[PDB]
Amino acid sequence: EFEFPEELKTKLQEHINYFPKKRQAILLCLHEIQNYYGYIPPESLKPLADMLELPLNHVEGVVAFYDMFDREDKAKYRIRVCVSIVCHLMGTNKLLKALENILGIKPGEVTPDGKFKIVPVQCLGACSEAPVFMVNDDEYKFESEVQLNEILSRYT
């Protein structure tokens, strides 16, 4: 009953044709799915498995394993906040507070409109620019609440 829209299916098929073996495309496909839907829909996994010529439970195990994938919460924008050592030293907690002031949510929560989810993550490899966060694929140093507010206004 569940089918990928042709727009997405075409991209998935492109990833599957990219590497020498279909099953190597699994993570690129799952990223693409999460990009499209704002999460991994459980229903999506069976048709992807078919496309990868893998068993379903293989795909399910991969989704379970990799922390970037989310089957629980639909969110238009994922605000990934680094909670590792350097960002912690340099002010992760100031960033989380500013996020709570602007959006009204804490780590692990989604705004009522489904627009923003705060996701606590390990070191983002930008430690010199701590404290670090991403908004989907965009990555930034947190400077202050006024600055954060301006950045977030760009995502609509």
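In this text, residue numbers run from 1 along the sequence as written.
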Checklist entry - Between 128 to 136 and 14 to 22, which has the larger average Cα B-factor in the PDB entry? => result 14 to 22
Checklist outcome for this item: Looking only at C-alpha temperature factors in the entry, 40 to 48 or 25 to 33, the higher average sits in 40 to 48
Next on the checklist: Quick check for you: using the entry's CA B-factors within this chain, is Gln122 in the lowest, middle or highest third?
Outcome noted: lowest
Item to check | Third of the chain's Cα B-factor distribution that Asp113 belongs to, per the entry | outcome: highest
Checklist entry - Thinking about Cα B factors across the chain, which third does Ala98 belong to? => result middle
Checklist outcome for this item: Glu60: CA B-factor among chain residues, third -> middle
Next on the checklist: Based on the deposited C-alpha B factors for this chain, I'd like to know if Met90 is in the lowest, middle or highest third.
Outcome noted: middle
